[PDB]
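The data below hold one chain only, encoded as structure tokens and taken in the form solved without the ligand.
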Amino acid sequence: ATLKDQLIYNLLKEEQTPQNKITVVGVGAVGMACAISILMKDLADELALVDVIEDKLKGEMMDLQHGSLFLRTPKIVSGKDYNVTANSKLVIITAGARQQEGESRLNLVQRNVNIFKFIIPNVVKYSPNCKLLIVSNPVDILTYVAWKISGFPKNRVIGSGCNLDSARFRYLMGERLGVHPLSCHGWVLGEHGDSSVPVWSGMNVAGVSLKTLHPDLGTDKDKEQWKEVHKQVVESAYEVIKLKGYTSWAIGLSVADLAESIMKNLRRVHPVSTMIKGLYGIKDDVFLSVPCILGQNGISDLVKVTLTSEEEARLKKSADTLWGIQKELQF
């Protein structure tokens, strides 16, 4: 008789379906930053890793597995075959197109659409009742792409959007005032990138409107130039890529935070990208970041923020752009 059989008597052989499984698609810096943030927040009873490069994937899986003693996630799996993702509660797409040197914006988006025409159906086939969290950039448009291809209802297709943008706003707001980011409140909404909207009205410490105190907050006659905070937020990624080549930990921590709200059904509010037709004067099938309530059904609700004429027109101008690009995409 075997040592295991001498040591252990077996009552039950057949294991059940995993109950709290998460898949991360793509094992780049962002993918692995999400996985380690998720593994150390104990959100999953099973982690699945998927990417097209077999050796990198098995490597990252074995490195995580070797740390098992220091973790509470008892099964970590990987493969190029999406059968490993079976029965995921949450699937996080970080996989994208490696940006070519002299291509157009439209080229980059359509190469990502071609990768998504493979990933999304494979995700749906093995985890048809899962929430999709789109991290891959450009996040607003690729969240529309994931939506169309998957055929999922709008509540179960979520773009990481202005979540990290808003977390960076609160960090900078915190450094200017000597207050921890947690107690500094402020919202970056609309299109993730240069044309995002800082909501100066909702920007507050302890429910004290910085706009009410300082009427010229966020204007050009602003002597304190608080515009430069949103300018810093919107230029942050560029500055970090400049220095270390990429961004890793901040997005990893922010995606783990979103996963926590989903997996534990918290109904916390996050500024994430959601199909926004019929709201803020938008009449096209586009995704924009607004405060969304995240739980086990994904975006169950969203907050209808009051916006100035300027801010209304900026969200509408971002939608014009996104719809413009989206009708040129080949599905």
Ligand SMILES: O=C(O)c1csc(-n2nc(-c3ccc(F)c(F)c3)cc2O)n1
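One-based numbering along the sequence shown. Shifts are known only where both forms have a C-alpha. Heads up, when I say rigid core I mean the largest set of C-alphas that superpose within 1.5 Å between the two forms.
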Mean C-alpha B-factor comparison - 209-217 and 83-91, higher one: 209-217
Tell me which of 114-122 and 225-233 has the higher mean C-alpha B-factor in the deposited entry. 225-233
According to the PDB entry, is the CA B factor of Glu101 in the bottom, middle or top third of its chain, that is, lowest, middle or highest? highest
For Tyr238, does the deposited CA B-factor place it in the lowest, middle or highest third of the chain? highest
Ordered by C-alpha B-factor within the chain, which third holds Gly26? Give me lowest, middle or highest, please. lowest
When the modelled residues of the chain are sorted by Cα temperature factor, does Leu279 land in the lowest, middle or highest third? highest
CA B-factor placement of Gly193, once the chain's modelled residues are sorted into thirds: middle
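Only in words, not in the display: the form deposited with the ligand bound, which the text now covers.
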The single option of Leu217, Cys130, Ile149, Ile251 touching the ligand in the bound PDB entry, heavy atom within 4.5 Å: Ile251
Taking the ligand in the bound PDB entry as the reference, which of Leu108, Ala256, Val197, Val124 has a non-hydrogen atom within 4.5 Å? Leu108
Please check if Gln99 has a heavy atom lying within 4.5 Å of any heavy atom of the ligand in the bound PDB entry. yes
Just to confirm, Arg168 within 4.5 Å of the ligand in the bound PDB entry by heavy atoms? yes
Contact with the ligand in the bound PDB entry for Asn155, defined as at least one heavy atom pair within 4.5 Å: yes or no? no
With the partner left out here, check for me: in the bound PDB entry, does some heavy atom of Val91 sit within 4.5 Å of the ligand? no
Heavy atom within 4.5 Å of the ligand in the bound PDB entry: which residues of 125-141 qualify? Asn137, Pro138
With the rigid core superposed, which of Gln100, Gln225, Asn114, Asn129 has its C-alpha shift by 2 Å or more between the shown form and the other one? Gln100
After aligning on the rigid core, stretches of three or more residues with every C-alpha displaced by 2 angstroms or more between the shown form and the other one cover residues 98-102
